[PDB]
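Basis for what follows: all heavy atoms, side chains included, without hydrogens, waters or symmetry-related copies. Within every chain, numbering begins at 1; the chains are lettered A, B, ... in the order of the sequence lines, protein sequences first and strands thereafter.
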Amino acid sequence: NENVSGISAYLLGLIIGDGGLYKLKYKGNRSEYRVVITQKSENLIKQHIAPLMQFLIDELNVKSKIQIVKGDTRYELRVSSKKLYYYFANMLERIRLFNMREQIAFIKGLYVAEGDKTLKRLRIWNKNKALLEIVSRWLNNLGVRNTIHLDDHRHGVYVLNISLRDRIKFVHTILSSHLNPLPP
DNA sequence: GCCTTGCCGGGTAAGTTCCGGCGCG
DNA sequence: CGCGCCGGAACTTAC
DNA sequence: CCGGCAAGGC
Ligand SMILES: [Mn+2]
Ligand SMILES: [Mn+2]
Ligand SMILES: [Mn+2]
């Protein structure tokens, strides 16, 4: 299924960027498995992201709930689910095999999470150079030129800079792509 | 003249893991 | 008994 | 992430 594969890739962009995948161990041989996306904007969390996760949850027949925990500085969308955790973690492991549908959705998600949102410049930040290098190759194959270098010497954070020469192709083909959209 | 992009400090919007519960065969 | 979902938030830093 | 600064390219 390609609409599920794409929405997955997109969610996985948000997760890797602004959340995580947590395998927790508690006292008494108790455990927990968490798919997390955090975000400041209540409306983006509840009106765009959650309906997407909800759709994926239903289609996978995961029957965990979508928790939304309001925190200090940010909303946390959380799904407590061994099945969903491994679904994304295994999907992460085979990121290199992503097809063009998945690549674009992943880059879009990653950008919504980690990207320069003013679009004055086109920039993705991350400590994970290998992840950025994969994104770079995909972008090069989509005819979007880009460079990677160490932006934040204090915290070890790399930036992937998308060349403004390929501005239109990047925004039009990646950011504002109508592909795999909340069907309805 | 103009656009592009490496650089680098500010600080908030993220990320991570702990808690106490309850569920269920 | 042996794990897996809830609901929260303290805590730290990578964007 | 944001955003101002300055080096460099055409
Ligand atoms: Mn991140
Ligand atoms: Mn982030
Ligand atoms: Mn973000």
Side chains of [X] and [Y] only: does a donor on one sit below 3.5 Å from an acceptor on the other?
X	Y	value
A:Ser81	A:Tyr87	no
A:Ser80	A:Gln67	no
A:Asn146	A:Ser136	yes

(Q) For A:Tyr33 and A:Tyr86, take the angle between the two ring planes, folded into 0 to 90°, and tell me which bin it lands in: parallel under 30, tilted 30 to 60, perpendicular over 60. (A) tilted

Results of ring-ring contact (aromatic ring centres under 6.0 Å, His included) for A:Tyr75 - residues two or more places apart only:
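Expected list: none.
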
In B/S/- notation (B base, S sugar-phosphate only, - none; protein heavy atoms under 4.0 Å), nucleotides 9-15 of chain C written 5' to 3' is BBB-SBB

Using a cut-off of less than 4.0 Å, is there contact between a side-chain N or O of [X] and OP1 or OP2 of [N]?
X	N	result
A:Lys27	B:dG20	yes
A:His153	B:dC7	no
A:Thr147	B:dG6	yes
A:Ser80	C:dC5	no
A:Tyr22	B:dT17	no

Note: chain A reaches DNA chain D at heavy-atom distances under 4.0 Å over the stretch, first to last nt, 5' to 3', of D:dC1 to D:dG4

Between NZ of A:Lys40 and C1' of B:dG15 the distance, given in whole Å, is 16 Å

Worksheet entry | A:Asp116 and A:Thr118: CA distance, side-chain angles, deciding distance, side-chain hydrogen bond (donor to acceptor under 3.5 Å, both in side chains) verdict | CA-CA 6 Å; A:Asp116 189 322; A:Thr118 80; 2.9 Å; yes

- Side chain A:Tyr26 and base B:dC18 donor-acceptor under 3.5 Å: yes

> Can you find an N or O donor on one side and an acceptor on the other, under 3.5 Å apart, linking the side chain of A:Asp151 with the base of B:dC8?
Replying inline: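 Indeed, a donor on one side and an acceptor on the other fall under 3.5 Å apart.
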
Discussion item. Counting C-beta onward and ignoring hydrogens, is there a side-chain heavy-atom pair between A:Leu11 and A:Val35 closer than 4.5 Å?
Written reply: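 In short, these two side chains do not touch, never coming nearer than 4.5 Å.
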
